[PDB]
Amino acid sequence: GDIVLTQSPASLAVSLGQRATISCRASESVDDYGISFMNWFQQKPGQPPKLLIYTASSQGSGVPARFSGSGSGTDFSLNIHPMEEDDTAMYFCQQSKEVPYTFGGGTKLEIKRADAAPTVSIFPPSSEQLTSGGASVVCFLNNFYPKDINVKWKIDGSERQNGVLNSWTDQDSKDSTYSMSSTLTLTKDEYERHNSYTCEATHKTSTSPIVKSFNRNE
Amino acid sequence: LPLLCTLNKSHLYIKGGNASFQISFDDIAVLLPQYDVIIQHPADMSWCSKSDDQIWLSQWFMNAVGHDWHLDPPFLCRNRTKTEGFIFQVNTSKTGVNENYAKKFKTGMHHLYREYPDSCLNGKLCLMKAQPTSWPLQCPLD
Amino acid sequence: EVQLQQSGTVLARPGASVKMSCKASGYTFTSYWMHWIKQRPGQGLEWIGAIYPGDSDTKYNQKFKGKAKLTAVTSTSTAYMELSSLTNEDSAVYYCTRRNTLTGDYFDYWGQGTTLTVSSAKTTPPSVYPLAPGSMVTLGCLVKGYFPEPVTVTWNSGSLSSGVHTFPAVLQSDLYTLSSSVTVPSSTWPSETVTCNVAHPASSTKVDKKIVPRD
Ligand SMILES: *[C@@H]1O[C@H](CO)[C@@H](O[C@@H]2O[C@H](CO)[C@@H](O[C@@H]3O[C@H](CO[C@H]4O[C@H](CO)[C@@H](O)[C@H](O[C@H]5O[C@H](CO)[C@@H](O)[C@H](O)[C@@H]5O)[C@@H]4O)[C@@H](O)[C@H](O[C@H]4O[C@H](CO)[C@@H](O)[C@H](O)[C@@H]4O)[C@@H]3O)[C@H](O)[C@H]2NC(C)=O)[C@H](O)[C@H]1NC(C)=O
Ligand SMILES: *[C@@H]1O[C@H](CO)[C@@H](O)[C@H](O)[C@H]1NC(C)=O
């Protein structure tokens with residue numbers, strides 16, 4: 001019974017000055033009284049949603065003319081043109097035709113820039129951590145674009161998936177790149193049974209992975 | 001003689017000639033006095049529609065619920081030159097200066113639609129909208 | 001000027017109840033429905049319910065009946081939401097928002113959000129581990145095993161700010177772990193000092209860890 005809103009795309013990258021177009025399709029009509037009960041919100045990290053557009057096409061308070069809503073029935077669009085730096089955000093559509101009020105899944109808008117290879121750095125466990133009984137191996141993959149990247153851990157030539165935790169930064173305010181941290185955590189006992197530790201990054205900027213390693217001996 | 005129909009005890013419909021409306025009550029202010037057409041007398045309604053049947057049905061409905069065109073508050077309709085389409089809107093909020101009119105409107109509605117429960121509760125913003133609709137297949141024709 | 005001010009971050013144990021508040025100003029509190037919205041970490045938005053403070057009328061999403069209870073105190077223009085029988089699924093940011101009905105139905109003003117964290121963990125300070133390598137050189141700091149969020153990380157007391165990446169924390173063994181990297185010219189380290197400064201306000205702790213070469 002609940003109205004389902006499907007946004008597309010899930011994310012997109014747009015060059016400064018160019019057009020971003022986000023779509024929202026509703027599972028049933030949101031029209032009544034000659035108007036369309038569809039609203040759009042912008043949300044930046046750490047902040048609440050901000051009303052951009054209400055009733056499909058009416059401009060929210062203080063919202064720049066570059067934001068434009070259109071559509072009716074089941075098919076709605078938000079256009080942003082020209083794209084500015086401060087428009088990077090999550091965008092949500094929301095229907096207000098029927099309770100329960102429901103929202104689209106969100107579309108992440110990013111700034112498009114030139115491709116950039118990651119700078120990869122690997123770190124053995126600190127003597128301090130080892131002395132406490134633990135062992136974490138850390139790999140940083142910094143300042144890359146686009147965001148899509150595969151990180152593989154190898155221990156003495158064998159791929160290791162268990163014990164890996166990854167974390168990603170959002171797009172950098174200065175250079176519009178992404179960064180990532182990958183940490184392999186194991187017991188001190190397991191860490192000391194192996195010699196070679198490798199962090200391998202596959203990214204579209206190279207056909208071959210960027211490989212950083214150390215040997216626990218050296 | 002207009003036909004009146006209640007479906008599922010909640011959805012209200014009226015039909016007369018080539019016109020039919022759905023009648024609903026909620027807090028959405030679709031029309032506002034600063035943007036839309038103010039109706040104090042039946043003749044003001046020529047700006048609400050190009051359809052004479054729509055105008056006649058609207059007037060019949062308001063007369064039937066006991067709207068006194070001379071004494072009672074004015075209501076609103078969308079100007080026929082706009083693209084969004086026909087609609088009129090009556091403030092039936094059971095509150096403040098409007099309470100007497102709202103109570104009378106409630107009585108009129110109970111006379112026209114016996115089995116409709118009153119959604120316009122004490123103090124709440126409640127605005128009746130009448131808009132075009134296809135006559136539901138589950139409603140009768142006489 | 002319309003403002004909705006929500007109460008601060010709250011930590012609760014599984015099975016407990018919590019009540020959070022939303023104080024409204026700059027408009028007539030009793031003339032608008034106040035709605036509540038849930039947002040789980042990295043997820044979309046889910047409608048909980050609403051209260052009309054003018055007459056105490058309430059509406060709920062079927063999904064939150066028995067989970068959420070909405071009330072209001074009109075004397076202080078404050079709306080409240082009580083969440084009961086708490087589980088990990090309740091950890092989220094919760095927003096209050098005003099619904100306007102002028103030529104639409106829309107949430108025009110929003111509170112800043114209240115974070116709820118449901119956990120059995122006890123306040124624990126971080127271990128801070130230096131990351132030194134085995135033209136430019138990258139150093140780091142691993143901040144492991146703390147609760148609750150947040151920690152703040154700076155390098156050389158804030159004077160080293162460019163070339164820093166501090167990563168969001170992840171949960172590891174019911175405690176948080178994060179890392180920070182800093183990239184400096186090789187001519188500047190180890191000849192000049194590089195130190196990560198970690199603050200954990202909840203445990204009244206600050207740690208400075210100088211990054212020295214390995215041996
Ligand atoms: C649909 O219909 C509803 C119901 O009428 C509309 O809702 C009401 O709209 C009007 C706007 O036209 C609002 O009126 C204003 O009210 C404020 C606040 O007044 C209150 O508090 C005062 C105490 O400080 C008190 O004096 C008031 O009491 C008076 O009124 C009641 C009857 O309502 C009466 O019993 C008393 O004896 C008093 O006479 C009241 O409790 C008020 O400040 C405003 O007055 C100033 O401004 C007007 C300018 O228009 C000016 O003329 C006055 O001289 C004064 O300076 C004004 O009256 C009312 O508050 C709304 N009520 C609610 C509950 O929302 C709704 O707008 C309609 N909508 C549509 C879309 O049609
Ligand atoms: C309806 O719209 C036209 C302008 O498009 C205007 O001239 C006319 O007066 C309007 N009617 C009313 C009753 O305001």
# chains A, B, ... in the order shown; residues from 1 in each chain; ligands from 1
call {"tool": "interface_residues", "arguments": {"of": "chain A", "to": "chain C", "cutoff": "6 Å", "atoms": "only C-alpha atoms", "output": "JSON, numbers by chain"}}
result
{"A": [48, 51, 55, 96, 100, 101, 105, 123, 169]}
call {"tool": "write_last_selection", "arguments": {"atoms": "N, CA and C atoms", "output": "mmCIF file, in the first residue's frame"}}
result
data_model
loop_
_atom_site.group_PDB
_atom_site.id
_atom_site.type_symbol
_atom_site.label_atom_id
_atom_site.label_comp_id
_atom_site.auth_asym_id
_atom_site.auth_seq_id
_atom_site.Cartn_x
_atom_site.Cartn_y
_atom_site.Cartn_z
ATOM 1 N N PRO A 48 20.941 18.571 8.733
ATOM 2 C CA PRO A 48 19.627 18.080 8.358
ATOM 3 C C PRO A 48 19.338 18.296 6.882
ATOM 4 N N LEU A 51 14.850 21.853 2.615
ATOM 5 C CA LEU A 51 13.837 21.902 1.542
ATOM 6 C C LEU A 51 14.342 22.735 0.365
ATOM 7 N N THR A 55 6.028 20.886 -3.894
ATOM 8 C CA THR A 55 4.918 20.788 -4.831
ATOM 9 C C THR A 55 5.448 20.759 -6.279
ATOM 10 N N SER A 96 4.219 13.614 -0.532
ATOM 11 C CA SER A 96 3.335 14.065 0.534
ATOM 12 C C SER A 96 1.850 13.894 0.163
ATOM 13 N N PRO A 100 1.742 6.631 5.024
ATOM 14 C CA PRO A 100 2.986 7.217 5.522
ATOM 15 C C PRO A 100 3.742 7.994 4.458
ATOM 16 N N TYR A 101 4.286 9.140 4.854
ATOM 17 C CA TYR A 101 5.182 9.908 4.006
ATOM 18 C C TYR A 101 6.390 9.034 3.706
ATOM 19 N N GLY A 105 15.441 6.854 -2.251
ATOM 20 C CA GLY A 105 16.656 6.319 -1.628
ATOM 21 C C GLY A 105 17.839 7.267 -1.618
ATOM 22 N N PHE A 123 51.962 0.238 6.360
ATOM 23 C CA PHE A 123 52.558 0.370 7.687
ATOM 24 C C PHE A 123 52.438 -0.919 8.465
ATOM 25 N N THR A 169 37.005 8.570 2.955
ATOM 26 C CA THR A 169 36.665 9.984 3.147
ATOM 27 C C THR A 169 35.710 10.413 2.039
#
call {"tool": "residues_around", "arguments": {"residues": "residue A:39", "least_positions_apart": "5", "cutoff": "7 Å", "atoms": "only C-alpha atoms", "output": "VMD selection string"}}
result
(chain A and resid 53 to 56 93 to 95) or (chain C and resid 106)
call {"tool": "write_last_selection", "arguments": {"atoms": "N, CA, C and O atoms", "output": "PDB file, in the first residue's frame"}}
result
ATOM      1  N   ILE A  53      12.751  22.301  -3.107  1.00  0.00           N
ATOM      2  CA  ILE A  53      11.594  22.433  -3.993  1.00  0.00           C
ATOM      3  C   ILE A  53      10.405  21.781  -3.312  1.00  0.00           C
ATOM      4  O   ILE A  53      10.541  20.685  -2.766  1.00  0.00           O
ATOM      5  N   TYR A  54       9.251  22.438  -3.362  1.00  0.00           N
ATOM      6  CA  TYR A  54       8.007  21.824  -2.885  1.00  0.00           C
ATOM      7  C   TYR A  54       6.946  21.848  -3.969  1.00  0.00           C
ATOM      8  O   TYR A  54       6.955  22.710  -4.850  1.00  0.00           O
ATOM      9  N   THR A  55       6.028  20.886  -3.894  1.00  0.00           N
ATOM     10  CA  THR A  55       4.918  20.788  -4.831  1.00  0.00           C
ATOM     11  C   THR A  55       5.448  20.759  -6.279  1.00  0.00           C
ATOM     12  O   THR A  55       5.011  21.529  -7.146  1.00  0.00           O
ATOM     13  N   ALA A  56       6.437  19.885  -6.486  1.00  0.00           N
ATOM     14  CA  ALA A  56       7.104  19.597  -7.766  1.00  0.00           C
ATOM     15  C   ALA A  56       8.006  20.689  -8.337  1.00  0.00           C
ATOM     16  O   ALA A  56       9.082  20.380  -8.846  1.00  0.00           O
ATOM     17  N   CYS A  93      14.022  12.886  -2.982  1.00  0.00           N
ATOM     18  CA  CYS A  93      12.641  13.226  -3.264  1.00  0.00           C
ATOM     19  C   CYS A  93      11.754  12.665  -2.145  1.00  0.00           C
ATOM     20  O   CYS A  93      12.140  11.736  -1.429  1.00  0.00           O
ATOM     21  N   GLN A  94      10.576  13.253  -1.985  1.00  0.00           N
ATOM     22  CA  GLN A  94       9.626  12.821  -0.971  1.00  0.00           C
ATOM     23  C   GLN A  94       8.205  13.105  -1.416  1.00  0.00           C
ATOM     24  O   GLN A  94       7.910  14.213  -1.850  1.00  0.00           O
ATOM     25  N   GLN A  95       7.320  12.121  -1.257  1.00  0.00           N
ATOM     26  CA  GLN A  95       5.919  12.299  -1.607  1.00  0.00           C
ATOM     27  C   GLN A  95       5.159  12.693  -0.354  1.00  0.00           C
ATOM     28  O   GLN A  95       5.445  12.193   0.742  1.00  0.00           O
TER      29      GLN A  95
ATOM     30  N   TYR C 106       4.633  19.972   2.971  1.00  0.00           N
ATOM     31  CA  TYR C 106       6.100  19.945   2.931  1.00  0.00           C
ATOM     32  C   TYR C 106       6.717  20.260   4.296  1.00  0.00           C
ATOM     33  O   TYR C 106       6.168  21.048   5.068  1.00  0.00           O
TER      34      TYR C 106
END
call {"tool": "closest_atom_pairs", "arguments": {"of": "chain B", "to": "ligand 2", "cutoff": "8 Å", "atoms": "only C-alpha atoms and all ligand atoms", "output": "CSV"}}
result
residue,atom,partner,partner_atom_place_in_ligand_line,distance
B:36,CA,ligand 2,14 (O),6.9
B:37,CA,ligand 2,13 (C),5.0
B:38,CA,ligand 2,13 (C),7.0
B:44,CA,ligand 2,13 (C),6.9
B:47,CA,ligand 2,13 (C),5.3
B:48,CA,ligand 2,13 (C),8.0
B:79,CA,ligand 2,1 (C),5.0
B:80,CA,ligand 2,1 (C),6.6
B:81,CA,ligand 2,2 (O),5.5
B:82,CA,ligand 2,5 (O),7.4
call {"tool": "write_last_selection", "arguments": {"atoms": "N, CA, C and O atoms", "output": "short mmCIF file (atom, residue, chain, number, x, y, z; two decimals), in the first residue's frame"}}
result
data_model
loop_
_atom_site.label_atom_id
_atom_site.label_comp_id
_atom_site.auth_asym_id
_atom_site.auth_seq_id
_atom_site.Cartn_x
_atom_site.Cartn_y
_atom_site.Cartn_z
N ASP B 36 -5.94 33.81 -5.77
CA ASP B 36 -7.07 33.16 -6.46
C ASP B 36 -8.34 34.01 -6.40
O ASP B 36 -8.33 35.10 -5.80
N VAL B 37 -9.42 33.51 -7.00
CA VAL B 37 -10.64 34.30 -7.18
C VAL B 37 -11.56 34.20 -5.96
O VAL B 37 -11.90 33.10 -5.54
N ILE B 38 -11.96 35.35 -5.42
CA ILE B 38 -12.84 35.42 -4.24
C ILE B 38 -14.30 35.41 -4.71
O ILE B 38 -14.67 36.22 -5.56
N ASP B 44 -20.00 35.80 -9.45
CA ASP B 44 -18.53 35.80 -9.39
C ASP B 44 -17.92 34.50 -9.94
O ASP B 44 -16.79 34.48 -10.43
N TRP B 47 -15.78 33.31 -13.49
CA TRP B 47 -14.31 33.20 -13.57
C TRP B 47 -13.73 31.85 -13.12
O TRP B 47 -12.54 31.62 -13.31
N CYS B 48 -14.54 30.97 -12.54
CA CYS B 48 -14.08 29.64 -12.06
C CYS B 48 -14.05 28.56 -13.13
O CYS B 48 -13.32 27.58 -12.99
N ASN B 79 -8.99 30.59 -10.89
CA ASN B 79 -9.32 31.33 -12.12
C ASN B 79 -9.26 30.36 -13.32
O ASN B 79 -8.29 29.62 -13.48
N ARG B 80 -10.30 30.37 -14.16
CA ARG B 80 -10.38 29.49 -15.34
C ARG B 80 -9.25 29.66 -16.36
O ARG B 80 -9.02 28.76 -17.16
N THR B 81 -8.58 30.81 -16.35
CA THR B 81 -7.43 31.07 -17.22
C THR B 81 -6.15 30.34 -16.82
O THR B 81 -5.22 30.26 -17.61
N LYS B 82 -6.08 29.83 -15.58
CA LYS B 82 -4.93 29.02 -15.14
C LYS B 82 -5.02 27.61 -15.73
O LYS B 82 -6.11 27.13 -16.04
#
call {"tool": "closest_atom_pairs", "arguments": {"of": "chain C", "to": "ligand 1", "cutoff": "9 Å", "atoms": "only C-alpha atoms and all ligand atoms", "output": "CSV"}}
result
residue,atom,partner,partner_atom_place_in_ligand_line,distance
C:28,CA,ligand 1,65 (O),8.9
C:30,CA,ligand 1,64 (C),8.4
C:31,CA,ligand 1,65 (O),6.2
C:54,CA,ligand 1,64 (C),8.8
C:102,CA,ligand 1,71 (C),8.5
call {"tool": "closest_residue", "arguments": {"among": "B:33, B:66, B:42, B:136", "to": "chain C", "atoms": "only C-alpha atoms"}}
result
B:33
call {"tool": "select_by_dssp", "arguments": {"residues": "stretch 32-213 of chain A", "states": "strand (DSSP E or B)", "output": "PyMOL selection string"}}
result
chain A and resi 32+35-36+38-43+50-54+58-59+67-72+75-80+89-95+102-103+107-111+116+119-123+134-145+150-155+158-160+164-168+178-187+196-202+210-213
call {"tool": "write_last_selection", "arguments": {"atoms": "C-alpha atoms", "output": "tab-separated table (two decimals), in the first residue's frame"}}
result
chain	number	residue	atom	x	y	z
A	32	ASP	CA	-4.35	16.06	-6.29
A	35	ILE	CA	-0.91	20.15	-8.16
A	36	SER	CA	1.70	17.42	-7.46
A	38	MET	CA	6.39	15.88	-4.48
A	39	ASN	CA	9.19	17.69	-2.64
A	40	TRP	CA	12.98	17.70	-2.97
A	41	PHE	CA	15.62	17.99	-0.24
A	42	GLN	CA	19.36	18.58	-0.17
A	43	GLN	CA	21.41	17.06	2.65
A	50	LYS	CA	17.03	21.33	3.59
A	51	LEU	CA	13.84	21.90	1.54
A	52	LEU	CA	14.83	22.82	-2.04
A	53	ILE	CA	11.59	22.43	-3.99
A	54	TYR	CA	8.01	21.82	-2.88
A	58	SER	CA	7.92	25.76	-6.32
A	59	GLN	CA	11.19	27.25	-5.14
A	67	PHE	CA	17.74	24.46	-8.86
A	68	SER	CA	14.67	23.60	-10.88
A	69	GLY	CA	11.95	21.03	-10.18
A	70	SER	CA	9.58	19.62	-12.80
A	71	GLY	CA	7.12	16.85	-13.45
A	72	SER	CA	3.71	15.52	-12.49
A	75	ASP	CA	7.61	11.20	-13.00
A	76	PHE	CA	9.64	14.07	-11.52
A	77	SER	CA	13.05	15.64	-12.08
A	78	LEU	CA	15.43	17.94	-10.25
A	79	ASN	CA	17.77	19.89	-12.51
A	80	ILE	CA	20.82	21.79	-11.27
A	89	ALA	CA	25.24	16.71	-1.44
A	90	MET	CA	22.72	13.91	-1.13
A	91	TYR	CA	19.39	14.76	-2.80
A	92	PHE	CA	16.10	13.11	-1.74
A	93	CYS	CA	12.64	13.23	-3.26
A	94	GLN	CA	9.63	12.82	-0.97
A	95	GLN	CA	5.92	12.30	-1.61
A	102	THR	CA	7.95	8.21	2.03
A	103	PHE	CA	11.29	9.28	0.59
A	107	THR	CA	21.15	10.46	-5.15
A	108	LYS	CA	24.70	11.50	-4.32
A	109	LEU	CA	25.94	14.43	-6.43
A	110	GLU	CA	29.73	14.82	-6.77
A	111	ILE	CA	32.13	17.07	-8.67
A	116	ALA	CA	44.14	10.58	-10.44
A	119	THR	CA	49.24	7.29	-3.50
A	120	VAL	CA	49.57	4.03	-1.56
A	121	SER	CA	51.44	3.62	1.75
A	122	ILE	CA	51.74	0.51	3.95
A	123	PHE	CA	52.56	0.37	7.69
A	134	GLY	CA	47.70	-7.05	18.93
A	135	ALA	CA	48.73	-6.42	15.34
A	136	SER	CA	47.12	-4.10	12.80
A	137	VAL	CA	48.63	-3.53	9.35
A	138	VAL	CA	47.45	-0.25	7.81
A	139	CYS	CA	47.30	0.74	4.15
A	140	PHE	CA	46.39	4.31	3.02
A	141	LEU	CA	45.25	4.88	-0.55
A	142	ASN	CA	45.14	8.64	-0.89
A	143	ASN	CA	43.94	11.32	-3.30
A	144	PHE	CA	42.47	9.24	-6.12
A	145	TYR	CA	39.67	9.76	-8.64
A	150	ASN	CA	39.53	-2.46	-5.19
A	151	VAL	CA	41.98	-3.15	-2.39
A	152	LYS	CA	43.37	-6.65	-1.93
A	153	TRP	CA	45.52	-7.89	0.96
A	154	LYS	CA	48.09	-10.67	0.44
A	155	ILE	CA	49.98	-12.49	3.20
A	158	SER	CA	47.85	-15.60	-0.47
A	159	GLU	CA	44.80	-13.29	-0.60
A	160	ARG	CA	43.39	-12.43	2.84
A	164	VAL	CA	40.02	-6.32	6.92
A	165	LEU	CA	38.18	-3.10	7.78
A	166	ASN	CA	37.92	-0.22	5.31
A	167	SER	CA	37.02	3.47	5.72
A	168	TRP	CA	36.57	6.17	3.05
A	178	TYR	CA	38.83	10.49	-2.55
A	179	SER	CA	40.95	8.67	0.01
A	180	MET	CA	40.69	5.30	1.71
A	181	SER	CA	42.19	3.46	4.66
A	182	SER	CA	42.31	-0.33	4.83
A	183	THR	CA	43.36	-2.08	8.04
A	184	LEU	CA	44.15	-5.78	8.42
A	185	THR	CA	43.85	-6.79	12.07
A	186	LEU	CA	45.10	-10.17	13.27
A	187	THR	CA	46.48	-11.74	16.44
A	196	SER	CA	55.40	-10.81	3.47
A	197	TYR	CA	52.47	-8.35	3.80
A	198	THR	CA	51.08	-6.71	0.68
A	199	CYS	CA	48.41	-4.06	-0.01
A	200	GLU	CA	47.32	-4.08	-3.72
A	201	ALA	CA	45.15	-1.33	-5.27
A	202	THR	CA	43.26	-1.81	-8.55
A	210	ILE	CA	49.78	-0.52	-7.34
A	211	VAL	CA	51.57	-2.86	-4.92
A	212	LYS	CA	53.09	-1.83	-1.59
A	213	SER	CA	54.70	-4.40	0.69
call {"tool": "residues_around", "arguments": {"residues": "residue B:78", "least_positions_apart": "6", "cutoff": "10 Å", "atoms": "only C-alpha atoms", "output": "PDB file with C-alpha atoms, in the first residue's frame"}}
result
ATOM      1  CA  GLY A  34      -4.372  20.187  -9.842  1.00  0.00           C
TER       2      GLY A  34
ATOM      3  CA  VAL B  30      -4.637  24.853  -2.316  1.00  0.00           C
ATOM      4  CA  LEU B  31      -6.061  28.327  -2.898  1.00  0.00           C
ATOM      5  CA  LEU B  32      -5.201  31.581  -1.109  1.00  0.00           C
ATOM      6  CA  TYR B  35      -3.633  34.598  -5.591  1.00  0.00           C
ATOM      7  CA  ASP B  36      -7.066  33.164  -6.456  1.00  0.00           C
ATOM      8  CA  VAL B  37     -10.643  34.300  -7.175  1.00  0.00           C
ATOM      9  CA  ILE B  38     -12.838  35.415  -4.241  1.00  0.00           C
ATOM     10  CA  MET B  45     -18.224  32.088 -10.321  1.00  0.00           C
ATOM     11  CA  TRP B  47     -14.314  33.202 -13.572  1.00  0.00           C
ATOM     12  CA  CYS B  48     -14.085  29.642 -12.059  1.00  0.00           C
ATOM     13  CA  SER B  49     -14.990  27.654 -15.179  1.00  0.00           C
ATOM     14  CA  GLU B  84      -4.193  23.557 -13.238  1.00  0.00           C
ATOM     15  CA  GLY B  85      -7.991  23.191 -13.616  1.00  0.00           C
ATOM     16  CA  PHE B  86     -11.292  23.780 -11.843  1.00  0.00           C
ATOM     17  CA  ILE B  87     -11.374  23.848  -8.027  1.00  0.00           C
ATOM     18  CA  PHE B  88     -13.222  25.642  -5.245  1.00  0.00           C
ATOM     19  CA  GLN B  89     -12.238  25.781  -1.606  1.00  0.00           C
TER      20      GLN B  89
END
call {"tool": "atom_distance", "arguments": {"atom1": "atom CA of residue C:189", "atom2": "atom CA of residue C:136"}}
result
9.5 Å
call {"tool": "select_by_dssp", "arguments": {"residues": "chain A", "states": "helix (DSSP H, G or I)", "output": "list in words"}}
result
residues 85, 86, 87, 127, 128, 129, 130, 131, 188, 189, 190 and 191 of chain A
call {"tool": "closest_residue", "arguments": {"among": "B:29, B:105, B:83, B:24", "to": "chain C", "atoms": "only C-alpha atoms"}}
result
B:29
call {"tool": "atom_distance", "arguments": {"atom1": "atom CA of residue C:57", "atom2": "atom CA of residue C:2"}}
result
22.3 Å
call {"tool": "residues_around", "arguments": {"residues": "residue B:94", "least_positions_apart": "5", "cutoff": "6 Å", "atoms": "only C-alpha atoms", "output": "compact mmCIF listing (two decimals) with C-alpha atoms, in the first residue's frame"}}
result
# COMPACT_ATOMS: atom_id res chain seq x y z
CA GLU B 99 -17.02 28.41 14.22
CA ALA B 102 -18.39 25.66 10.34
CA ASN B 122 -12.35 21.68 17.23
CA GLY B 123 -9.49 24.12 16.53
call {"tool": "residues_around", "arguments": {"residues": "residue B:116", "least_positions_apart": "4", "cutoff": "8 Å", "atoms": "only C-alpha atoms", "output": "ChimeraX atom specification"}}
result
/B:6,9-10,110
call {"tool": "closest_residue", "arguments": {"among": "A:37, A:46, A:195, A:60", "to": "chain B", "atoms": "only C-alpha atoms"}}
result
A:37
call {"tool": "atom_distance", "arguments": {"atom1": "atom CA of residue C:13", "atom2": "atom CA of residue C:40"}}
result
17.5 Å
call {"tool": "residues_around", "arguments": {"residues": "residue C:79", "least_positions_apart": "6", "cutoff": "8 Å", "atoms": "only C-alpha atoms", "output": "list in words"}}
result
residues 21, 22, 23, 24, 34, 53, 70, 71, 72 and 73 of chain C
call {"tool": "closest_residue", "arguments": {"among": "B:23, B:121, B:141, B:64", "to": "chain A", "atoms": "only C-alpha atoms"}}
result
B:23
call {"tool": "closest_residue", "arguments": {"among": "C:8, C:101, C:75, C:193", "to": "chain B", "atoms": "only C-alpha atoms"}}
result
C:101
